[PDB]
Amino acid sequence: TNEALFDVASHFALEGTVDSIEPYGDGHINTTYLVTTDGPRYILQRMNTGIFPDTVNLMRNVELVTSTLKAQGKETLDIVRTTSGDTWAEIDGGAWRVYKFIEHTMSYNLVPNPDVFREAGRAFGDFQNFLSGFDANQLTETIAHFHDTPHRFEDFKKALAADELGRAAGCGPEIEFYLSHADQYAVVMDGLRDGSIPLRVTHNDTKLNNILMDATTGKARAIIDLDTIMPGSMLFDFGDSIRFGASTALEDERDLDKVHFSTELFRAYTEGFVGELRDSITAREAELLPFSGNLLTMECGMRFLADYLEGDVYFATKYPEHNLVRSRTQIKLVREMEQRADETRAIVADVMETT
C-alpha cells in the first residue's frame, strides 16, 4: 500500500520530496492521506467512485467553487494539478486529487465550547451568502436525492426488505423509530416543490469538522469538503450542523448516556448563522429552523441504519455494529429535540428579534 501511494503522489506537481504518506482523519467517504515533504504538506485523496461515479462533474464543481472563492480573495482548497496539468488523475483503478494542506488550523469532531460552535454558525451562514452568488444550474448534483428524506426512506425500506445479513432481528427498536417517524420526512421537499421554501445552492455536509479554524485566533479559515455543493434548501445546511454539533457526544459514541441535545449549543450556532443571514431568511425558513435539526438527524440516522442492514457498503466502519451505534446516537438526539421543541422555537424567535 505504501509503495502504491508513493507512486500515486508521483503523478502530481508536488513542490518537495515526499517523506511520508499516511492516513489522515476518520472520514466516512473518501480515503484521505497526509503527504509530508521536506517542504510543504499536501492532502492526497482517493475519491469514492462508488458514491461519486461522475468524477468529471464533481471536479468541475470543485474547480468552479474554488476558483470563484479565489477570485473573491478568500482562502479555500487549492487543487494541485497533475504533472500533465489536470485537476485530478485516474491512477491504477482509482480517482485521485491533491489539495495543499491548509496550515495552522484546528478542526473539531465535537464542540468543545460554545464559542467554537457560534463561529461555525458564522462560517456556514456566511457560506450561504457565498453560494447565493451561483445559479442553481451552474453546480451539478453530484448525488441525486441527497437530502430528499422521503427518497432516503424508500432506500431504507428496500434495505429493510432485503435484510441481506439478517441484521434486522437485532435492531427492532431502531427500525420502529424510523418507520413511526415517516410522516415527518416530507416537509422540506414539499415546500421546495410548491415554491414556499426557496431553492438555494447549499453545502449539504455542514458538520463541524468541515470547517478549519485558525489555530491561534479560532476564527474560521476555510470550509472544506466541497463535494456536495448543489441545489438544496438552507434548512439542510442549518439542520445538519445542528445534528452533528448540538450533540454533547460523538456521532459514534457507544455510551448513549453521554448523548444529549444541547439547547445552549443550539443557541450558539443559531446566533452565528442567523447573524449572517437575518435579512435574507424567509418567514417559512425561520419557522422551520428548529425542525430542520430533527429532519436531518432522522435522515442521517436512517442512512446509518440502512447501511448497517446492507452490510456497511456506504460508510466506512471500524467494527460490525458501527453503523448501528451511529444510528442510535441520532435517535437519542431526535428524541431530545422533540422534548425541547418549545425552547428551540423560542431561541430562534429571540435570535430573530435581536439580529
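Each residue number is its position in the shown sequence, starting from 1.
Per the PDB record, of the two stretches 132-140 and 78-86, 132-140 carries the greater mean B-factor over its C-alpha atoms. When 210-218 is weighed against 112-120, 210-218 comes out higher, by mean CA B-factor as recorded in the entry. Reading the B-factor column for the CA atoms of 150, 93, 239, 231 in the entry, the top value corresponds to 93.
Per the PDB entry, 162 shows the highest C-alpha temperature factor of the residues 179, 162, 274, 188.
The deposited CA B-factor of residue 69 belongs to the lowest third of values across its chain. Ranked by C-alpha B-factor against the other modelled residues of its chain, residue 346 falls in the highest third. Residue 45: CA B factor in the middle third of modelled residues in this chain (values from the PDB entry).
Among all modelled residues in this chain, the alpha-carbon of residue 53 has a temperature factor (C-alpha) in the middle third.
The deposited CA B-factor of residue 318 belongs to the highest third of values across its chain.
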